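Heads up: the structure comes next, in structure tokens.
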Ligand SMILES: [Mg+2]
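Residue numbers (the entry's author numbering), protein chains in the order written: chain PK, 31 to 45, 51 to 113; chain PJ, 226 to 338.
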């Protein structure tokens, strides 16, 4: 029974953007760029989470079938 | 570290002969005297079954080969380099206990692939 959510969200307005400076962000790059063992471990994390590739599905894909480039595609094909 | 190990083996991996001449608190021995003793004990012309006869005031001491674990330093260096280059430890002709078996093996070879 709310359109706008009626509960507040701890926004650090007194911190102007965010508490993250560009210097903090660029220090993440410094760790990533550095090579050696710590950068390699975080690369292994990326490869485990995302390295095995992906597949697109649409539930009821066949029913979407439409002439796009004057020829049939489903939304998954598109 | 590799250069350091090679230099360390050259100095410390092999025992070296130390002939001490003269009596302790006795008469001093000068360089020209040691030249003649050096000629007697020269490792260049000594052979495996040479024997020595001396007065009491000549001591054939030795520098032992001073034990250090260069194998462990090599294993550490190779672990550092292979992991830095993203290769498995096994690529460097170095291995580790447990990691050659079961799910520990399966993970590292999965990461490589
Ligand atoms: Mg005297």
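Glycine is no exception: its CB is placed at the ideal position from the N, C-alpha and C atoms.
- Approximately 6 Å separates the beta-carbon atoms of residue 287(PJ) and residue 243(PJ); this is inside 8 Å, confirming the contact.
- Residue 295(PJ) and residue 307(PJ) have their alpha carbons spaced roughly 18 Å apart.
- By the Cβ test, the stretch 61-74 of chain PK is in contact with the stretch 301-318 of chain PJ, since at least three Cβ pairs between them sit closer than 8 Å.
- Using a Cβ-Cβ cut-off of 7 Å, residue 70(PK) is close to 309 of chain PJ, given in chain order.
- Measuring C-alpha to C-alpha distances from residue 96(PK) to each of 69(PK), 33(PK), 111(PK) identifies 111(PK) as the nearest.
- As summarised for the stretch 227-257 of chain PJ, the continuous alpha helix (DSSP H) elements at least 4 residues long and confined to that stretch are 227-237, given in chain order.
- For the C-beta of residue 55(PK), not a single chain PJ residue is nearer than 7 Å; the gap to the nearest is close to 29 Å.
- The beta carbon of residue 314(PJ) does not come within 8 Å of any beta carbon belonging to chain PK, so the residue lies off that interface.
- Remark: the C-beta of residue 297(PJ) is outside contact range of ligand 1, defined as less than 7 Å to any heavy atom.
- For residue 233(PJ), the distance from the CB to the nearest heavy atom of ligand 1 is not below 7 Å.
- Short of 6 Å from the beta carbon of residue 285(PJ), and not among the five residues preceding or following it, lie these beta carbons of its own chain, in chain order: 244.
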